[PDB]
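In PDB author numbering, the protein residues as written are 1 to 73.
Cβ coordinates follow ideal geometry from the N, Cα and C atoms, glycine included.
Working notes, structure below.
Printed below as a string of structure tokens:
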């Protein structure tokens, strides 16, 4: 597999080391998918990346939106 698409993904703009086995480690430039918006604590989101699943903050990441496609010089 190893396939993915755009739509509900966040990019860790800042390095974040998970303290609890429940949390998810974030690395500068690590994309994360948004599975559930609410479930445990407000703000925190449940995603998955690098074959790891857990709880990661949304404030440390940046929700990727519109993306420029056909852009010439």
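By the Cβ rule, the segment 62 to 72 does not count as touching the segment 41 to 52, because fewer than three pairs are nearer than 8 Å. In the three-state scheme derived from DSSP, where H, G and I count as helix and E and B as strand, residue 24 is classed as coil. As computed with DSSP, residue 45 is found in a beta bridge with 56.
Residue 73 and residue 19 have their alpha carbons spaced roughly 45 Å apart. In this chain, the beta strand (DSSP E) harbouring residue 12 covers 9 to 12.
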